[PDB]
Every structure is written in C-alpha cells, then in structure tokens.
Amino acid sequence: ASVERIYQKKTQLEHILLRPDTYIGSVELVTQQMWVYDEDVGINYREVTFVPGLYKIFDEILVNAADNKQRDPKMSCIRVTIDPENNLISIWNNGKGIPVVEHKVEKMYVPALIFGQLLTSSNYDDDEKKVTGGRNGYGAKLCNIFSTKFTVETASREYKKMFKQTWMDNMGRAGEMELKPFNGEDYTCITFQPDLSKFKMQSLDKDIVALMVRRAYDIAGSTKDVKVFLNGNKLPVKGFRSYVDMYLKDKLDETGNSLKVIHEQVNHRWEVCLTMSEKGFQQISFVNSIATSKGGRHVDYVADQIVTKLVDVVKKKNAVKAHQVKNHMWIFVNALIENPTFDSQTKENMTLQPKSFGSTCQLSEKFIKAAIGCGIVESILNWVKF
C-alpha cells in the first residue's frame, strides 16, 4: 500500500491500452440488434455479438480512405480486403498519396509521422472549413496500437517516391522503412492484423465480418463518385437512395401495407429519406461518411422540421406532443458537416450546433406534403379517437 503503488502516472500509449473505452469504444462483448450484410441474405436486422473496439479500428481506417476523396476529388476507388483465416484486413484508396518526404519540423518522413506518432493530423487548422471525417489525429494510430502488425504503403508521384513501413506489437516497434522511386498513379494502402487478444477474440467471425461488410456498403452509399470493392468484388450501390432502399425493400407494416417512403436530396451536402417506424423513433445517419449511431444535431435538425409540421396538422384536427409524433418516424440522413464536433473519438454523436454546419437543410414543400400523408398523422388521429 505504498504511495508509488497508489498514485501512478501513465504514458499516452499505456493509457490507451489500459483505458481503451474513450478511444475506440468497449473492448468487451456486446449483444444487440444491428444492421449487417450477411452472405446470401444482404442487408438485414438481427441480433449480433461483437466487440465495438474491433469494429472501430476498422472504421478509423475506412473513414480515412473516404476522407481522401475530399482531399483529392480525383480519387475514384476504395478496395477493402477481409481475410478471416489469416486475420488480415487491407484498405486501399487511390487519389493523391501522402507526401513521401522528411518532415522538416518533426525530423522524420511524413507517413511515419502521421501513422506512428499520436496527436498527428492535417485537420488541426479549423480556419479551413473541411468536410472530412478526420478531426483529432488519433484514428490511424489507434488502429496501429490495437494491431499486432500494421503496415503503411503510400505512393506520391509529386515527390517521385513510394513509402512502406510496418509497425508491430501494438505500435511498440517499427520495421525498416522502404523508399523506392515512383512515377505511377498515387495510392495509399493500409494493411493490418488486429490484435484479437486485446478484444478477447480468436478470429474475425461471422458477426464482425457481417458488420465490416455492411460498413463497406455504408461508404458506397454515403460517398459520391467513389467505387467500393470488397474482396475484389464491386459493391452494387449507386447513391444514398439506392443504399436506403436495401433497408426498406419489401418491408411491410404490421397491417400488411408497404412502407411509404419520402425522399429528397436537399442539396449536395444533405440527402434525407423518411419512412414509418413501428418500434419507436429510428434513425440511420452519416456525417462525413461517419456512421453517427447515436445521432446528433444533424438528425435533430432534419427530424424537428418534420415533427413540428406534422404537429401543426394534428392541431388543426382533434393535445399531442412531439415525442408521440417522433416515435412513428424512421429517418435516413446523409450529411456533410464542416469541422464537426462529437462527444468522443468514436464519433457516434455529432454535437455541432446547426448554425455552424456550413450549410442548411430546409426540406421542400413537396417533401413536407408527402410526409403529412405518409400515415403518421393517421396513426396519431386514431390514438386521440381512443
């Protein structure tokens, strides 16, 4: 019971491994209903058992790839490989690579700096209003820390060089840096073997693969002008509306009627789909291709427009409250937000106030008119009649 045993100081790396929850989410098993992509079945809603932290280190690299489309509009493809037997995940993107040159301040090559050193980012200057998902300078290093092997390969024609270096043992050591002359099409490829012992797992089982695959479909549905491949197979997704259809296709309410779906691409930064829900308020949303599974002010900003307008209709007739109207809604929101803020590194809840979004999302009078007639008002009027 000595003072030095009671009061302890931890390094940054030690703290991440000792307290992973605020960095990557829970490292313990979770059992809950999720949307997944099952082989031969597609998008479906079922109970899944998985470790959030493992899902998240995959997500960090995948979002980083999508971020490059904002950095370089010439980027066109993301290629994802998932090899459960060899415990191997690879994420590849074209467009401009990372500059392969020595950082004059930190005195090391840039790819080694931003992948092997904590708190390193190109998103630290918020005078630039960016719609990338990267914000904090942790993501890629967290995947590195929770991998037994983590390899960065990036090629920059501008610098006429290609970079390749491997980290091992939870970013505890690095292999040899490979520099080669390069004069081809730029690319970046991140290949890592997740440290499954950190997650009390033995392999990338059916459930986590089904989640990682559905996440690849998310990227295909949330980005623009980006082809997404999964294990060499192109994913058949064209726009957010076709992605949303994969959830609603052939769904029926309890009475037997097909779900009425209201859609509007409000502008180049907002796309909204609205249908009816029988299990309370449901939302599926994305901010800068991040799956905001706890929602955020972008979801409230869209849903509160619909709720207030629907409440005004029930008030002409018939005492109703907004939460009663909201529990009949299932909304899909794909948004591009400038310099978003979140509650945590996992970025599941987007906290930025609408006045700082950098854009607006006023639903058309056509959308609202289609929403007053989607049966939500009918399901509220029959309740007041009781």
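Rigid core: the largest C-alpha set superposing within 1.5 Å between the two forms. So that there is no doubt, residue numbering starts at 1 and follows the sequence shown.
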Of 341 to 349 and 41 to 49, which departs more from this form in 6 other deposited structures of this protein by CA RMS after core fitting: 341 to 349
Larger mean CA deviation from the shown form in 6 other deposited structures of this protein [core fit; 116 to 124 vs 300 to 308]: 300 to 308
Other entries modelling both neighbours but not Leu259, at least a third: yes
Cross-entry absence of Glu153, a third or more of other PDB entries: no
Length class of the unmodelled deposited segment, which would lie between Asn318 and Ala319: 4 to 9
275 to 283 versus 199 to 207 - which carries the larger mean C-alpha B factor in the record: 275 to 283
Greater mean Cα temperature factor according to the PDB record, 122 to 130 or 167 to 175: 167 to 175
Out of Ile78, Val101, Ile89, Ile114, residue topping the C-alpha B-factor column of the entry: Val101
Of the residues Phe182, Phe192, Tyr243, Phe229, the one carrying the largest Cα B-factor as recorded: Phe182
Ranked C-alpha temperature factor of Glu47 among modelled chain residues, by third: middle
Ranked C-alpha temperature factor of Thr11 among modelled chain residues, by third: middle
Third of the chain, ranked by Cα B-factor, where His268 sits: middle
B-factor third for the C-alpha atom of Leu252 within its chain: highest
Ranked against its chain, the third holding the CA B-factor of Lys238: highest
